[PDB]
Amino acid sequence: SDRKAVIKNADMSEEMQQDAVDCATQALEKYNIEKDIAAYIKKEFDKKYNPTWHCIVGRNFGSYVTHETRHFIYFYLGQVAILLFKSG
Amino acid sequence: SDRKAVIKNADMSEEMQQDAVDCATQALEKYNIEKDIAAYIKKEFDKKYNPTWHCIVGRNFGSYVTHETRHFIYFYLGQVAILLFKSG
Amino acid sequence: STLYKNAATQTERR
Amino acid sequence: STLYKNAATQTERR
């Protein structure tokens, strides 16, 4: 990978943040379409860190969400922005 | 307003869908930044339809989310796409 | 489940 | 609440 990871806003353990970056790297190598990248990441996080996660992947969006404490990350990987958080 | 509403995917009562469009119309008239539009819509839906809602507003994004039955809408209003759903 | 389901969205170029 | 909080994100032009 030559993609630069830049974590913009996180409320999350360091190991979980690293796992989000690693998971997104695998998603981007397999899939080109944003919704497919998002589904890969969401499903992995549901498995490793319990339901219920939600994932948005894109180049132009804003958001207002509610998340469980310690289960939120917003980061860039290359030119793609990724929002990943747990609620409900 | 001259913005065209196109509901792409909804699991939601007709009246709630109309309220999402009306709320987003008010948000777009007041605010220019996607995150501020999203916050306006999320807060109105938490008030009218109970917590906990999440809102994404943008022109380029894909998503994979989990939502409570009958509480999901994805729609365009003008050139902006809006994802609004309840979870947790 | 009848209480929740997953959903996918993707913006399109226009 | 200590169990949850709201968060905002906004992509930036680069």
# chains A, B, ... in the order shown; residues from 1 in each chain; ligands from 1
>>> calpha_fit_and_write(fixed="chain A", moving="chain B", output="JSON list (two decimals) with C-alpha atoms, in the first residue's frame")
[["chain", "number", "residue", "atom", "x", "y", "z"],
["B", 1, "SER", "CA", 0.00, 0.00, 0.00],
["B", 2, "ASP", "CA", 1.08, 3.57, -0.67],
["B", 3, "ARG", "CA", -2.05, 5.19, 0.78],
["B", 4, "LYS", "CA", -1.59, 7.79, 3.52],
["B", 5, "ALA", "CA", -3.74, 7.30, 6.63],
["B", 6, "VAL", "CA", -4.77, 10.50, 8.43],
["B", 7, "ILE", "CA", -7.09, 10.06, 11.40],
["B", 8, "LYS", "CA", -9.07, 13.31, 11.66],
["B", 9, "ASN", "CA", -11.29, 12.59, 14.67],
["B", 10, "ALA", "CA", -11.34, 9.48, 16.84],
["B", 11, "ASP", "CA", -12.92, 8.38, 20.11],
["B", 12, "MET", "CA", -11.45, 4.89, 20.05],
["B", 13, "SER", "CA", -8.58, 2.81, 21.45],
["B", 14, "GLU", "CA", -5.31, 2.93, 19.54],
["B", 15, "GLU", "CA", -5.54, -0.75, 18.59],
["B", 16, "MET", "CA", -9.09, -0.37, 17.28],
["B", 17, "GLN", "CA", -8.05, 2.71, 15.28],
["B", 18, "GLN", "CA", -5.21, 0.72, 13.72],
["B", 19, "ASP", "CA", -7.64, -2.09, 12.91],
["B", 20, "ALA", "CA", -9.96, 0.38, 11.15],
["B", 21, "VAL", "CA", -7.08, 1.58, 8.97],
["B", 22, "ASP", "CA", -5.96, -1.99, 8.24],
["B", 23, "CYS", "CA", -9.50, -3.11, 7.41],
["B", 24, "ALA", "CA", -10.07, -0.13, 5.11],
["B", 25, "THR", "CA", -6.77, -0.87, 3.34],
["B", 26, "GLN", "CA", -7.95, -4.39, 2.56],
["B", 27, "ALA", "CA", -11.34, -3.07, 1.40],
["B", 28, "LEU", "CA", -9.74, -0.55, -0.96],
["B", 29, "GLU", "CA", -7.49, -3.20, -2.51],
["B", 30, "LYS", "CA", -10.46, -5.47, -3.26],
["B", 31, "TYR", "CA", -13.26, -3.05, -4.21],
["B", 32, "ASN", "CA", -13.60, 0.10, -6.29],
["B", 33, "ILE", "CA", -17.17, 1.17, -5.42],
["B", 34, "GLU", "CA", -17.66, 3.16, -2.21],
["B", 35, "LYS", "CA", -20.68, 1.16, -1.00],
["B", 36, "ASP", "CA", -18.77, -2.11, -1.38],
["B", 37, "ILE", "CA", -15.79, -0.70, 0.54],
["B", 38, "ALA", "CA", -18.19, 0.47, 3.27],
["B", 39, "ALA", "CA", -19.91, -2.93, 3.53],
["B", 40, "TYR", "CA", -16.58, -4.76, 3.91],
["B", 41, "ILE", "CA", -15.50, -2.49, 6.78],
["B", 42, "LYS", "CA", -18.89, -2.54, 8.54],
["B", 43, "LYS", "CA", -19.09, -6.33, 8.45],
["B", 44, "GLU", "CA", -15.55, -6.81, 9.79],
["B", 45, "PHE", "CA", -16.19, -4.42, 12.67],
["B", 46, "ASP", "CA", -19.49, -6.11, 13.56],
["B", 47, "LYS", "CA", -17.56, -9.39, 13.75],
["B", 48, "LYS", "CA", -14.54, -8.18, 15.73],
["B", 49, "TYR", "CA", -16.10, -5.45, 17.87],
["B", 50, "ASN", "CA", -19.79, -6.52, 18.12],
["B", 51, "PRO", "CA", -22.84, -5.05, 16.36],
["B", 52, "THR", "CA", -23.92, -2.51, 15.42],
["B", 53, "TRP", "CA", -21.54, -0.52, 13.21],
["B", 54, "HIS", "CA", -22.26, 1.86, 10.32],
["B", 55, "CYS", "CA", -19.79, 2.90, 7.64],
["B", 56, "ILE", "CA", -19.75, 5.76, 5.12],
["B", 57, "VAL", "CA", -17.01, 5.99, 2.49],
["B", 58, "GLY", "CA", -16.72, 8.92, 0.12],
["B", 59, "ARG", "CA", -15.05, 12.03, -1.20],
["B", 60, "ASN", "CA", -17.78, 14.61, -0.53],
["B", 61, "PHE", "CA", -20.07, 14.38, 2.48],
["B", 62, "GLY", "CA", -20.84, 15.84, 5.86],
["B", 63, "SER", "CA", -22.50, 14.08, 8.77],
["B", 64, "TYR", "CA", -24.10, 14.39, 12.17],
["B", 65, "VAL", "CA", -24.33, 11.08, 14.02],
["B", 66, "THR", "CA", -24.59, 9.68, 17.54],
["B", 67, "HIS", "CA", -22.10, 7.05, 18.64],
["B", 68, "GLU", "CA", -21.34, 4.92, 21.64],
["B", 69, "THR", "CA", -18.44, 6.18, 23.74],
["B", 70, "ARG", "CA", -15.05, 4.91, 22.50],
["B", 71, "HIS", "CA", -16.52, 3.62, 19.20],
["B", 72, "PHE", "CA", -16.07, 6.39, 16.61],
["B", 73, "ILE", "CA", -13.45, 7.11, 13.95],
["B", 74, "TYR", "CA", -13.32, 9.51, 10.99],
["B", 75, "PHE", "CA", -10.23, 9.23, 8.83],
["B", 76, "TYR", "CA", -8.78, 9.63, 5.36],
["B", 77, "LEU", "CA", -7.02, 6.78, 3.59],
["B", 78, "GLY", "CA", -5.53, 8.19, 0.44],
["B", 79, "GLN", "CA", -8.14, 10.50, -1.07],
["B", 80, "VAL", "CA", -11.12, 8.64, 0.46],
["B", 81, "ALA", "CA", -12.81, 9.70, 3.70],
["B", 82, "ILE", "CA", -14.21, 6.98, 5.98],
["B", 83, "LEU", "CA", -16.69, 7.39, 8.84],
["B", 84, "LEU", "CA", -17.10, 4.31, 11.03],
["B", 85, "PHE", "CA", -19.08, 4.26, 14.27],
["B", 86, "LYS", "CA", -21.17, 2.08, 16.57],
["B", 87, "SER", "CA", -24.76, 2.86, 17.51],
["B", 88, "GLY", "CA", -27.62, 0.56, 18.40]]
>>> select_by_dssp(residues="chain B", states="alpha helix (DSSP H)", output="JSON, numbers by chain")
{"B": [14, 15, 16, 17, 18, 19, 20, 21, 22, 23, 24, 25, 26, 27, 28, 29, 30, 34, 35, 36, 37, 38, 39, 40, 41, 42, 43, 44, 45, 46, 47, 48, 49]}
>>> interface_residues(of="chain C", to="chain B", cutoff="6 Å", atoms="only C-alpha atoms", output="PyMOL selection string")
chain C and resi 3-11
>>> select_by_dssp(residues="chain C", states="strand (DSSP E or B)", output="list in words")
residues 4, 5, 6, 7, 8, 9 and 10 of chain C
>>> decode(residues="segment 13-60 of chain A", atoms="N, CA and C atoms", output="PDB file, in the first residue's frame")
ATOM      1  N   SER A  13      -9.897   3.281  21.031  1.00  0.00           N
ATOM      2  CA  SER A  13      -8.582   2.809  21.451  1.00  0.00           C
ATOM      3  C   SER A  13      -7.614   2.819  20.272  1.00  0.00           C
ATOM      4  N   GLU A  14      -6.321   2.910  20.590  1.00  0.00           N
ATOM      5  CA  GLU A  14      -5.307   2.934  19.541  1.00  0.00           C
ATOM      6  C   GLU A  14      -5.337   1.662  18.704  1.00  0.00           C
ATOM      7  N   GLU A  15      -5.526   0.501  19.347  1.00  0.00           N
ATOM      8  CA  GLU A  15      -5.535  -0.748  18.592  1.00  0.00           C
ATOM      9  C   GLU A  15      -6.746  -0.828  17.671  1.00  0.00           C
ATOM     10  N   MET A  16      -7.906  -0.361  18.138  1.00  0.00           N
ATOM     11  CA  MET A  16      -9.086  -0.369  17.279  1.00  0.00           C
ATOM     12  C   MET A  16      -8.928   0.608  16.122  1.00  0.00           C
ATOM     13  N   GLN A  17      -8.324   1.780  16.370  1.00  0.00           N
ATOM     14  CA  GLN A  17      -8.047   2.712  15.278  1.00  0.00           C
ATOM     15  C   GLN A  17      -7.146   2.068  14.230  1.00  0.00           C
ATOM     16  N   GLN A  18      -6.094   1.377  14.672  1.00  0.00           N
ATOM     17  CA  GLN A  18      -5.212   0.718  13.718  1.00  0.00           C
ATOM     18  C   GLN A  18      -5.961  -0.347  12.933  1.00  0.00           C
ATOM     19  N   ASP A  19      -6.870  -1.061  13.601  1.00  0.00           N
ATOM     20  CA  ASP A  19      -7.645  -2.088  12.914  1.00  0.00           C
ATOM     21  C   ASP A  19      -8.581  -1.481  11.875  1.00  0.00           C
ATOM     22  N   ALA A  20      -9.134  -0.299  12.152  1.00  0.00           N
ATOM     23  CA  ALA A  20      -9.960   0.376  11.154  1.00  0.00           C
ATOM     24  C   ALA A  20      -9.147   0.723   9.912  1.00  0.00           C
ATOM     25  N   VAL A  21      -7.945   1.267  10.104  1.00  0.00           N
ATOM     26  CA  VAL A  21      -7.081   1.582   8.970  1.00  0.00           C
ATOM     27  C   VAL A  21      -6.717   0.318   8.196  1.00  0.00           C
ATOM     28  N   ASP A  22      -6.346  -0.753   8.907  1.00  0.00           N
ATOM     29  CA  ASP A  22      -5.958  -1.993   8.236  1.00  0.00           C
ATOM     30  C   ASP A  22      -7.130  -2.588   7.465  1.00  0.00           C
ATOM     31  N   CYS A  23      -8.318  -2.563   8.067  1.00  0.00           N
ATOM     32  CA  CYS A  23      -9.496  -3.108   7.411  1.00  0.00           C
ATOM     33  C   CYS A  23      -9.830  -2.309   6.156  1.00  0.00           C
ATOM     34  N   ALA A  24      -9.792  -0.978   6.261  1.00  0.00           N
ATOM     35  CA  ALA A  24     -10.070  -0.130   5.105  1.00  0.00           C
ATOM     36  C   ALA A  24      -9.044  -0.341   3.996  1.00  0.00           C
ATOM     37  N   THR A  25      -7.782  -0.588   4.358  1.00  0.00           N
ATOM     38  CA  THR A  25      -6.769  -0.866   3.344  1.00  0.00           C
ATOM     39  C   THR A  25      -7.123  -2.117   2.556  1.00  0.00           C
ATOM     40  N   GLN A  26      -7.544  -3.175   3.251  1.00  0.00           N
ATOM     41  CA  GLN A  26      -7.954  -4.390   2.556  1.00  0.00           C
ATOM     42  C   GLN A  26      -9.180  -4.141   1.687  1.00  0.00           C
ATOM     43  N   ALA A  27     -10.146  -3.361   2.190  1.00  0.00           N
ATOM     44  CA  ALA A  27     -11.339  -3.069   1.402  1.00  0.00           C
ATOM     45  C   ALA A  27     -10.988  -2.326   0.122  1.00  0.00           C
ATOM     46  N   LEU A  28     -10.079  -1.352   0.207  1.00  0.00           N
ATOM     47  CA  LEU A  28      -9.736  -0.552  -0.965  1.00  0.00           C
ATOM     48  C   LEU A  28      -8.955  -1.362  -1.990  1.00  0.00           C
ATOM     49  N   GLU A  29      -8.203  -2.368  -1.548  1.00  0.00           N
ATOM     50  CA  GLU A  29      -7.491  -3.201  -2.513  1.00  0.00           C
ATOM     51  C   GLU A  29      -8.436  -4.136  -3.254  1.00  0.00           C
ATOM     52  N   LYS A  30      -9.545  -4.525  -2.629  1.00  0.00           N
ATOM     53  CA  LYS A  30     -10.462  -5.468  -3.256  1.00  0.00           C
ATOM     54  C   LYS A  30     -11.527  -4.786  -4.107  1.00  0.00           C
ATOM     55  N   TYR A  31     -12.049  -3.647  -3.658  1.00  0.00           N
ATOM     56  CA  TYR A  31     -13.258  -3.054  -4.211  1.00  0.00           C
ATOM     57  C   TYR A  31     -12.992  -1.637  -4.690  1.00  0.00           C
ATOM     58  N   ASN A  32     -13.681  -1.250  -5.767  1.00  0.00           N
ATOM     59  CA  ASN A  32     -13.600   0.104  -6.294  1.00  0.00           C
ATOM     60  C   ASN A  32     -14.797   0.977  -5.947  1.00  0.00           C
ATOM     61  N   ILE A  33     -15.947   0.394  -5.632  1.00  0.00           N
ATOM     62  CA  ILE A  33     -17.169   1.166  -5.423  1.00  0.00           C
ATOM     63  C   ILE A  33     -17.317   1.451  -3.935  1.00  0.00           C
ATOM     64  N   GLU A  34     -17.634   2.710  -3.609  1.00  0.00           N
ATOM     65  CA  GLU A  34     -17.659   3.159  -2.215  1.00  0.00           C
ATOM     66  C   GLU A  34     -18.577   2.308  -1.342  1.00  0.00           C
ATOM     67  N   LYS A  35     -19.777   1.962  -1.827  1.00  0.00           N
ATOM     68  CA  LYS A  35     -20.681   1.162  -0.996  1.00  0.00           C
ATOM     69  C   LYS A  35     -20.109  -0.221  -0.700  1.00  0.00           C
ATOM     70  N   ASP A  36     -19.337  -0.794  -1.628  1.00  0.00           N
ATOM     71  CA  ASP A  36     -18.765  -2.113  -1.379  1.00  0.00           C
ATOM     72  C   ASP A  36     -17.620  -2.026  -0.379  1.00  0.00           C
ATOM     73  N   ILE A  37     -16.830  -0.952  -0.459  1.00  0.00           N
ATOM     74  CA  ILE A  37     -15.794  -0.696   0.538  1.00  0.00           C
ATOM     75  C   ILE A  37     -16.423  -0.549   1.919  1.00  0.00           C
ATOM     76  N   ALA A  38     -17.498   0.242   2.003  1.00  0.00           N
ATOM     77  CA  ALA A  38     -18.187   0.472   3.273  1.00  0.00           C
ATOM     78  C   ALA A  38     -18.742  -0.820   3.864  1.00  0.00           C
ATOM     79  N   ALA A  39     -19.338  -1.676   3.028  1.00  0.00           N
ATOM     80  CA  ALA A  39     -19.911  -2.925   3.530  1.00  0.00           C
ATOM     81  C   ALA A  39     -18.832  -3.845   4.096  1.00  0.00           C
ATOM     82  N   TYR A  40     -17.682  -3.934   3.419  1.00  0.00           N
ATOM     83  CA  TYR A  40     -16.582  -4.760   3.913  1.00  0.00           C
ATOM     84  C   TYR A  40     -16.151  -4.317   5.307  1.00  0.00           C
ATOM     85  N   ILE A  41     -15.969  -3.010   5.495  1.00  0.00           N
ATOM     86  CA  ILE A  41     -15.502  -2.489   6.775  1.00  0.00           C
ATOM     87  C   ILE A  41     -16.554  -2.700   7.864  1.00  0.00           C
ATOM     88  N   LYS A  42     -17.816  -2.374   7.565  1.00  0.00           N
ATOM     89  CA  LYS A  42     -18.887  -2.540   8.542  1.00  0.00           C
ATOM     90  C   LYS A  42     -18.970  -3.987   9.016  1.00  0.00           C
ATOM     91  N   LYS A  43     -18.924  -4.933   8.079  1.00  0.00           N
ATOM     92  CA  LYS A  43     -19.087  -6.333   8.451  1.00  0.00           C
ATOM     93  C   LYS A  43     -17.920  -6.824   9.302  1.00  0.00           C
ATOM     94  N   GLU A  44     -16.697  -6.395   8.986  1.00  0.00           N
ATOM     95  CA  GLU A  44     -15.550  -6.812   9.791  1.00  0.00           C
ATOM     96  C   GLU A  44     -15.655  -6.264  11.207  1.00  0.00           C
ATOM     97  N   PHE A  45     -16.099  -5.015  11.348  1.00  0.00           N
ATOM     98  CA  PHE A  45     -16.189  -4.420  12.672  1.00  0.00           C
ATOM     99  C   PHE A  45     -17.321  -5.029  13.490  1.00  0.00           C
ATOM    100  N   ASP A  46     -18.444  -5.372  12.851  1.00  0.00           N
ATOM    101  CA  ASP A  46     -19.491  -6.109  13.558  1.00  0.00           C
ATOM    102  C   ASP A  46     -18.944  -7.424  14.102  1.00  0.00           C
ATOM    103  N   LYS A  47     -18.098  -8.103  13.326  1.00  0.00           N
ATOM    104  CA  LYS A  47     -17.561  -9.390  13.755  1.00  0.00           C
ATOM    105  C   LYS A  47     -16.571  -9.225  14.900  1.00  0.00           C
ATOM    106  N   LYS A  48     -15.607  -8.312  14.749  1.00  0.00           N
ATOM    107  CA  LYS A  48     -14.537  -8.179  15.734  1.00  0.00           C
ATOM    108  C   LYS A  48     -14.957  -7.399  16.967  1.00  0.00           C
ATOM    109  N   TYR A  49     -15.831  -6.406  16.809  1.00  0.00           N
ATOM    110  CA  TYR A  49     -16.100  -5.447  17.873  1.00  0.00           C
ATOM    111  C   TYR A  49     -17.585  -5.334  18.200  1.00  0.00           C
ATOM    112  N   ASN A  50     -18.379  -6.337  17.810  1.00  0.00           N
ATOM    113  CA  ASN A  50     -19.795  -6.521  18.124  1.00  0.00           C
ATOM    114  C   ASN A  50     -20.670  -5.597  17.291  1.00  0.00           C
ATOM    115  N   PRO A  51     -21.895  -6.001  16.967  1.00  0.00           N
ATOM    116  CA  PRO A  51     -22.839  -5.055  16.357  1.00  0.00           C
ATOM    117  C   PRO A  51     -23.110  -3.909  17.324  1.00  0.00           C
ATOM    118  N   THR A  52     -23.512  -2.749  16.799  1.00  0.00           N
ATOM    119  CA  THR A  52     -23.922  -2.506  15.422  1.00  0.00           C
ATOM    120  C   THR A  52     -23.147  -1.310  14.874  1.00  0.00           C
ATOM    121  N   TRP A  53     -22.343  -1.556  13.839  1.00  0.00           N
ATOM    122  CA  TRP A  53     -21.535  -0.519  13.208  1.00  0.00           C
ATOM    123  C   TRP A  53     -22.183  -0.014  11.922  1.00  0.00           C
ATOM    124  N   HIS A  54     -21.775   1.190  11.524  1.00  0.00           N
ATOM    125  CA  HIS A  54     -22.262   1.859  10.323  1.00  0.00           C
ATOM    126  C   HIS A  54     -21.056   2.499   9.662  1.00  0.00           C
ATOM    127  N   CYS A  55     -20.978   2.420   8.332  1.00  0.00           N
ATOM    128  CA  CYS A  55     -19.793   2.901   7.637  1.00  0.00           C
ATOM    129  C   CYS A  55     -20.180   3.698   6.401  1.00  0.00           C
ATOM    130  N   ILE A  56     -19.577   4.874   6.271  1.00  0.00           N
ATOM    131  CA  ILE A  56     -19.749   5.763   5.124  1.00  0.00           C
ATOM    132  C   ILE A  56     -18.371   5.984   4.523  1.00  0.00           C
ATOM    133  N   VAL A  57     -18.269   5.837   3.209  1.00  0.00           N
ATOM    134  CA  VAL A  57     -17.010   5.988   2.487  1.00  0.00           C
ATOM    135  C   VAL A  57     -17.266   6.951   1.335  1.00  0.00           C
ATOM    136  N   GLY A  58     -16.466   8.008   1.225  1.00  0.00           N
ATOM    137  CA  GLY A  58     -16.723   8.920   0.121  1.00  0.00           C
ATOM    138  C   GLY A  58     -15.724  10.053   0.046  1.00  0.00           C
ATOM    139  N   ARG A  59     -15.893  10.861  -0.999  1.00  0.00           N
ATOM    140  CA  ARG A  59     -15.050  12.025  -1.198  1.00  0.00           C
ATOM    141  C   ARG A  59     -15.744  13.346  -0.913  1.00  0.00           C
ATOM    142  N   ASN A  60     -17.074  13.376  -0.860  1.00  0.00           N
ATOM    143  CA  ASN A  60     -17.775  14.614  -0.529  1.00  0.00           C
ATOM    144  C   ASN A  60     -19.011  14.289   0.300  1.00  0.00           C
TER     145      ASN A  60
END
